[PDB]
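One chain comes next, on its own, written out as structure tokens in the form deposited in one PDB entry.
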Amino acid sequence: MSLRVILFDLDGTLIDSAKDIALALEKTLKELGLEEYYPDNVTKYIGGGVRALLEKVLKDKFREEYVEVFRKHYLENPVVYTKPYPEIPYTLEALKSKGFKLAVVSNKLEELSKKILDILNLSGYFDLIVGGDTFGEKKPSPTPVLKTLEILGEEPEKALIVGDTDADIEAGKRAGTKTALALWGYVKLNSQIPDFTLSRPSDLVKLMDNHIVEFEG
């Protein structure tokens, strides 16, 4: 299978950010006096963006302006506990040296995505970092995948989308790309069937070693 470009979700795929999301949520509920809403398992709410997170956490108490509040607090501490998943740096290095173009596409705010990857020193691996706002937060799926690919000059059929959520896989399928599930992330059950299922990041590199995936000059 011949490919040229690999696009990664961020939270729960490249980075283990749940503790820093929890820290921002905490500061958010304190600001807003909504402490009793802090949930028992925050990682259950990670994946769909800050908006989806606050909507499931606050239910009837949700207000659109709270998104800005959360983001403000997350920006005051983008990296405290957050780290790349084990084998992430290794895996990016391997892919890039085989010649793949790499990009990040996620729901996280672009500014925050770039700040986090700078602090973790991963920015270098990526040809393009794309966040929920980059092409407009209101755009329907899979526009961000498509537009990222158009920027990179590459076709969908030559791209692989890696993410831990069924929504990542579903966007790959709408765009007509190949898809891979990242099982090391936050999602405990999945109903999408991707081309590939990865239990650890270095598994990407094994598929390359077996010529199961090859880089297309």
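Numbering starts at 1 and runs along the sequence shown. In this text, the rigid core denotes the largest set of C-alpha atoms whose superposition between the two forms falls within 1.5 Å.
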Handout entry: Higher-B stretch (mean Cα B-factor, as the entry records it), 193-201 or 8-16
Key = 193-201
Problem - Of 138-146 and 114-122, the one with larger mean CA B-factor - result: 138-146
Exercise for the section: Tell me which of 52, 69, 29, 167 tops the list for C-alpha B factor in the record. Expected result: 52
Completion exercise
By the entry's values, the third containing the CA B factor of residue 108 is the middle
Practice task
Consider only the C-alpha atoms of the modelled residues in this chain, order them by B-factor as the entry records it, and name the third containing residue 163: lowest, middle or highest.
Solution key: lowest
Practice task
Going by the recorded CA B-factors, say which third of the chain residue 96 sits in, lowest, middle or highest.
Solution key: middle
Exercise for the section: Name the third of the chain's ranked CA B-factors that contains residue 34, choosing lowest, middle or highest. Expected result: middle
Handout entry: Lowest, middle or highest third - CA B-factor, residue 181
Key = lowest
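Missing here is the form deposited in another entry; even so, the following discussion is about that form.
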Exercise for the section: Return yes or no for residue 137: a CA shift of at least 2 Å between this form and the one not shown, with the rigid core superposed? Expected result: yes
Exercise for the section: Answer yes if the Cα of residue 188 shifts by 2 angstroms or more between this form and the one not shown on a rigid-core superposition, and no otherwise. Expected result: yes
Exercise for the section: Report the direction of the Cα distance change between residue 29 and residue 137 in the other form, compared with the displayed form, as closer or farther; the change is 3 Å or more. Expected result: farther
Fill in the blank from the handout: Taking the shown form as reference, the Cα pair residue 140 and residue 179 shifts by 3 Å or more in the other form and sits closer
